[PDB]
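Note that the protein sequences, when read in sequence, are chains L, H and P.
Residues 1 to 27, 27A to 27F, 28 to 213 (the deposited numbering) make up the first sequence, in order.
Residues 1 to 52, 52A, 53 to 82, 82A to 82C, 83 to 100, 100A to 100D, 101 to 214 (the deposited numbering) make up the second sequence, in order.
Sequential numbering from 7 applies to the third sequence in the deposited numbering.
Think of the CB as a built atom: it goes at the ideal place given N, C-alpha and C, for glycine as much as any other residue.
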Amino acid sequence: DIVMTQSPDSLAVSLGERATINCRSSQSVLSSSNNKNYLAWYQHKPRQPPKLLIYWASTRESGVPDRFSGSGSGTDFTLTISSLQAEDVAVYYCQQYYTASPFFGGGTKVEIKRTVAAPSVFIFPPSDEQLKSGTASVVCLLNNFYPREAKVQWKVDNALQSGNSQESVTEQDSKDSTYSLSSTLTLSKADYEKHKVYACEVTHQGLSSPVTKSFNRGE
Amino acid sequence: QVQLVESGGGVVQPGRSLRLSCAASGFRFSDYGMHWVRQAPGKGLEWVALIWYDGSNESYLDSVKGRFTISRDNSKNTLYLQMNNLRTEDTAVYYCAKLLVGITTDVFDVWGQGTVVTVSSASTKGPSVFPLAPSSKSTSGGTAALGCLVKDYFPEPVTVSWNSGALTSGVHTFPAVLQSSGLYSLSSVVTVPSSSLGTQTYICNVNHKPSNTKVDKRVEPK
Amino acid sequence: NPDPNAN
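Written out as structure tokens, the structure is:
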């Protein structure tokens, strides 16, 4: 195997600034017969197939703009984007095509870096319609925040909830470069009816202390 | 155009078999080795298998070896992936692709559009749509949030719009999560001026084609 | 360093 390792796993770059992505192969991909590195870089956006950017480590593919460049040799390679454009937000993969098992790296997610924006937080009780079904979903929304890192903590009557929530995050917004997050706490109707206070507690680097939104069941 | 068109994806029970096909056109398919590559939910691209131009040798990802077979029919410019003994973790978008192994000159790559394979024992089920009602403590003169919870459906996808597509600003329709039940759930929210509550009508339109369900759900302050 | 292509 020639295994491919990329670093960092995610990168935030301000518009117009330089992006550097690194890639290491576990063995050399430089062929002694033609002195070429069997190393490619691919760009991958959601809902479409990957696109070839660079091959032979530094040969830029037709149609690819000259702000993309590949460098390195042997086991150490770099993709540089000299001046990030909004259309460059994507996951970038290195890949070796030296062997018959041409492994990809793990990918580097490149996003736009913008100013810090604390989330606005909203909590939603279960609907009466759903309760008549035997289940209670409690939803917490974190709206239009940046950076992406955020922690949601559910509390029921001040008791820390663990293992009964799932969350989902949007893609970076094309207009304001923020993220939003939905967290859903799922309880049986029976359990939901035993307790009074339902709280979503949110931690984010833009918030000097965690923000808690809460309701009392039946108000 | 140089192209690859995949077909054959769908929902398949664990332990069963599924064959994918990839129809090539616009280039000399029979001159090139060809591959399958997949992407599982929340994961990166993963090479799966390679077949020589003439079908004389094949190479496999260790975790599919003995379960998956790559083959080709050059007379039909078609590539196949026979997937047997399928497992939950084989759930993914599957791409066929030329890739660059063995390139010399006149270098090009080409990928299909992808076909979704979902390995699940779940049955088709339409969603329940529940309101995320705007809070009565919404800040006067500020911003309120409201939404719809689209719960317990299978398979993906659902489409959600607001006010028949007339409301797009401030909408966030989240990626679905797969619940332990094997059914999906997602939320769609929107932020609006608090002053618009009551005056403006907010309706989420939720379509789930597999179950033939089409709901328009009004969301009101409680 | 295989070549799975025609020659």
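Practice task
Taking the CB atoms as reference points, tell me whether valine 196 (chain L) and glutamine 160 (chain L) lie closer together than 9 angstroms.
Solution key: Along the first sequence, one-based indexing puts residue 196 (chain L) at 202. Along the first sequence, one-based indexing puts residue 160 (chain L) at 166. Against a cut-off of 9 angstroms, the Cβ pair of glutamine 160 (chain L) and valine 196 (chain L) comes out as no contact.
Problem - Where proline 147 (chain H) falls, given that 16 or more other Cβ within 10 Å makes a residue buried - result: Locating residue 147 (chain H) in the second sequence gives position 155, counting from the first residue. Flag for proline 147 (chain H) reads buried.
Problem - DSSP beta-bridge partners of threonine 72 (chain L) - result: Reading the first sequence from its first residue, position 78 is the one you call residue 72 (chain L). The partner list for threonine 72 (chain L) (beta bridge, DSSP) reads L:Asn22, L:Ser65.
Practice task
Using alpha carbons as the reference points, say which of H:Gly42, H:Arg38, H:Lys43 lies closest to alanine 49 (chain H).
Solution key: Locating residue 49 (chain H) in the second sequence gives position 49, counting from the first residue. The shortest Cα separation from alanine 49 (chain H) among H:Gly42, H:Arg38, H:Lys43 belongs to H:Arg38.
Exercise for the section: Could you name the residues of chain L that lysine 143 (chain H) contacts, counting a contact when the two beta carbons are closer than 7 angstroms? Expected result: Position 151 of the second sequence, counting from 1, holds the residue named residue 143 (chain H). Going along chain L in sequence order, the residues near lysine 143 (chain H) (Cβ under 7 angstroms) are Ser131.
Problem - Chain-ordered chain L contacts of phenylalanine 122 (chain H) [CB-CB under 8 angstroms] - result: As a first step, residue 122 (chain H) must be located in the second sequence, where it is residue number 130. Residues of chain L passing the Cβ test: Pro120, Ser121, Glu123, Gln124, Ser131.
Problem - Contacting residues, own chain, Cβ-Cβ under 7 angstroms from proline 96 (chain L) (five flanking each side not counted) - result: Within the first sequence, residue 96 (chain L) is the residue found at index 102, counting from 1. Closer than 7 angstroms at Cβ, skipping near neighbours: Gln89, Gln90.
Practice task
Tell me whether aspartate 60 (chain L) sits in a helix, a strand or coil according to DSSP, three-state version.
Solution key: In the first sequence, counting from the first residue as 1, residue 60 (chain L) sits at position 66. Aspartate 60 (chain L) falls in the coil class under three-state DSSP.
Handout entry: 8 angstroms Cβ cut-off: residues of chain P touching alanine 94 (chain L)
Key = Working through the first sequence from its first residue, we reach residue 94 (chain L) at position 100. Ordered by position in chain P, the residues that pass the 8 angstroms Cβ test against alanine 94 (chain L) are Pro8, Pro10.
Handout entry: Among H:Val5, H:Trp154, H:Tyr91, H:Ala136, the one whose alpha carbon lies nearest that of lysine 75 (chain H)
Key = Your numbering for residue 75 (chain H) matches position 76 in the second sequence. Measuring from the Cα of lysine 75 (chain H), the nearest candidate turns out to be H:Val5.
Exercise for the section: Leaving aside the five residues before and after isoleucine 21 (chain L) along the sequence, list all residues of the same chain whose C-beta is less than 6 angstroms from its C-beta, in chain order. Expected result: Your numbering for residue 21 (chain L) matches position 21 in the first sequence. Counting only Cβ-Cβ distances below 6 angstroms, and skipping sequence neighbours, we find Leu73, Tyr86, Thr102.
Exercise for the section: Go to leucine 125 (chain L), then tell me how far its alpha helix (DSSP H) extends in each direction, as first and last residue. Expected result: Here the question's residue 125 (chain L) lines up with position 131 in the first sequence. Segment 122-125, the alpha helix (DSSP H) holding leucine 125 (chain L).
Practice task
Starting from the beta carbon of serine 27D (chain L), find every residue of chain P whose beta carbon is closer than 8 angstroms, and list them in chain order.
Solution key: Here residue 27D (chain L) refers to the residue found at position 31 when the first sequence is read from its first residue. Result: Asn7.
Practice task
Starting from the beta carbon of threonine 164 (chain L), find every residue of chain H whose beta carbon is closer than 9 angstroms, and list them in chain order.
Solution key: As a first step, residue 164 (chain L) must be located in the first sequence, where it is residue number 170. Ordered by position in chain H, the residues that pass the 9 angstroms Cβ test against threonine 164 (chain L) are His164, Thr165, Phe166, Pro167.
Handout entry: Own chain residues within Cβ distance below 8 angstroms of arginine 19 (chain H), not counting five before or after
Key = For the purposes of this step, residue 19 (chain H) is taken as the residue at position 19 of the second sequence. Once the five neighbours on either side are set aside, the close Cβ partners of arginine 19 (chain H) are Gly8, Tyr79, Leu80, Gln81, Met82.
Problem - Residues, ordered as in the chain, of the segment 176-199 of chain H that lie near chain L by beta-carbon distance below 8 angstroms - result: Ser177, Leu178, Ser179, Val181, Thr183
Exercise for the section: Using only alpha-carbon positions, find the residue among L:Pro119, L:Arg211, L:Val115, L:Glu165 that is nearest to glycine 200 (chain L). Expected result: Numbered from 1 along the first sequence, position 206 holds the residue referred to as residue 200 (chain L). Checking every option, the nearest Cα to that of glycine 200 (chain L) belongs to L:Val115.
Exercise for the section: Pull up the distance between the alpha-carbon of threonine 84 (chain H) and that of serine 14 (chain L), whole angstroms please. Expected result: Here residue 84 (chain H) refers to the residue found at position 88 of the second sequence. Here residue 14 (chain L) refers to the residue found at position 14 of the first sequence. Cα to Cα, the separation comes out at about 39 angstroms.
Problem - Contact set between the segment 83-107 of chain L and chain H, restricted to residues whose Cβ is under 9 angstroms from the partner - result: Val85, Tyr87, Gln89, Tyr91, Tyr92, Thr93, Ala94, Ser95, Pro96, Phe97, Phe98, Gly99, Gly100, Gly101
Practice task
Could you check what DSSP says for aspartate 31 (chain H) in three-state terms: helix, strand or coil?
Solution key: Working through the second sequence from its first residue, we reach residue 31 (chain H) at position 31. The answer is helix: DSSP assigns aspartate 31 (chain H) an H, G or I state.
Handout entry: Beta bridge counterpart(s) of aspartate 61 (chain H) as assigned by DSSP
Key = Against the second sequence, residue 61 (chain H) aligns to sequence position 62. In DSSP, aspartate 61 (chain H) forms no bridge with anything.
Practice task
List the residues of chain P that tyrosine 52A (chain H) touches, going by C-beta distances under 8 angstroms, in chain order.
Solution key: Against the second sequence, residue 52A (chain H) aligns to sequence position 53. Neighbours of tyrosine 52A (chain H) on chain P, chain order: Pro10, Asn11, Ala12.
Exercise for the section: Anything in chain L within Cβ reach of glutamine 105 (chain H), meaning under 7 angstroms, just list it in chain order. Expected result: Residue 105 (chain H) sits at position 113 when you count from the first residue of the second sequence. Under the 7 angstroms cutoff, chain L gives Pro43.
Practice task
Helix, strand or coil for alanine 114 (chain H), going by three-state DSSP, please let me know.
Solution key: Translated into the one-based positions of the second sequence, residue 114 (chain H) becomes position 122. Coil, per DSSP.
Exercise for the section: Pick helix, strand or coil for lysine 75 (chain H), following the three-state DSSP scheme. Expected result: The residue given as residue 75 (chain H) occupies position 76 in the second sequence. Correct three-state label for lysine 75 (chain H): helix.
Practice task
Taking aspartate 101 (chain H) as the query, report the chain P residues whose CB atoms sit under 8 angstroms from its CB, ordered along the chain.
Solution key: Here residue 101 (chain H) refers to the residue found at position 109 when the second sequence is read from its first residue. Here the premise fails: no neighbours, minimum Cβ distance about 13 angstroms.
Problem - Residue-level contact to chain P via CB, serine 30 (chain H), 9 angstroms cutoff - result: Numbered from its first residue, the second sequence carries residue 30 (chain H) at position 30. Cβ-Cβ to chain P under 9 angstroms: yes for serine 30 (chain H).
Exercise for the section: Could you tell me which residues DSSP pairs with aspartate 208 (chain H) in its beta bridges? Expected result: In the second sequence, residue 208 (chain H) corresponds to position 216, counting from 1. The partner list for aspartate 208 (chain H) (beta bridge, DSSP) reads H:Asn197.
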